[PDB]
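Enquirer: What follows is a structure written as C-alpha cells; I'll ask about it next.
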Amino acid sequence: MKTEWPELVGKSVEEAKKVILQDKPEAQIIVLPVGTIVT
Amino acid sequence: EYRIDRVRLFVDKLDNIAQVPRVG
C-alpha cells in the first residue's frame, strides 16, 4: 500500500515517477522544479 | 477526493526529492 513514498525522501524523480507511477491504483506524480504554482 | 494519479513532486537543484509525495 505505497501511498506516501516516505522512504523516497532525499531520492530523485527517477525512482519517484518510476515506482510512484503505480503503487496505489496507478497514482502518478507531477515532476516540477518547485517554482511558484502557475502565476 | 479520490485516487488522483498526481502528486506535487517538487525537486531540488540536482533533482533531490526534498518533498515527499503521498497521493492520499
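We name chains A, B, ... following the order of the C-alpha cells; residues begin at 1 in each chain, and ligands are numbered from 1 as shown.
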Could you please select, counting only C-alpha atoms, the residues of chain B within 6 Å of chain A and state them as a list in words?
Expert: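 The selection requested is residues 5, 6, 7, 8, 9, 10, 11, 15, 16, 17, 18, 20, 21 and 22 of chain B.
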Enquirer: Which residues in chain A does DSSP call helix (DSSP H, G or I)? List them as a VMD selection string.
Expert: chain A and resid 6 to 8 13 to 20
Enquirer: Suppose we keep C-alpha atoms; can you now write the selection as a PDB file, in the first residue's frame?
Expert:
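After the write, part_30.pdb holds the following:
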```
ATOM      1  CA  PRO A   6       8.356   8.488   2.657  1.00  0.00           C
ATOM      2  CA  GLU A   7      11.358   6.314   2.043  1.00  0.00           C
ATOM      3  CA  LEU A   8      11.614   8.259  -1.222  1.00  0.00           C
ATOM      4  CA  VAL A  13      12.352  11.871  -9.577  1.00  0.00           C
ATOM      5  CA  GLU A  14      13.816   8.760 -11.243  1.00  0.00           C
ATOM      6  CA  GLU A  15      12.708   6.304  -8.521  1.00  0.00           C
ATOM      7  CA  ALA A  16       9.822   8.668  -7.691  1.00  0.00           C
ATOM      8  CA  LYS A  17       7.934   8.887 -11.004  1.00  0.00           C
ATOM      9  CA  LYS A  18       9.176   5.309 -11.513  1.00  0.00           C
ATOM     10  CA  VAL A  19       7.619   3.464  -8.551  1.00  0.00           C
ATOM     11  CA  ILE A  20       5.151   6.230  -7.626  1.00  0.00           C
TER      12      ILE A  20
END
```
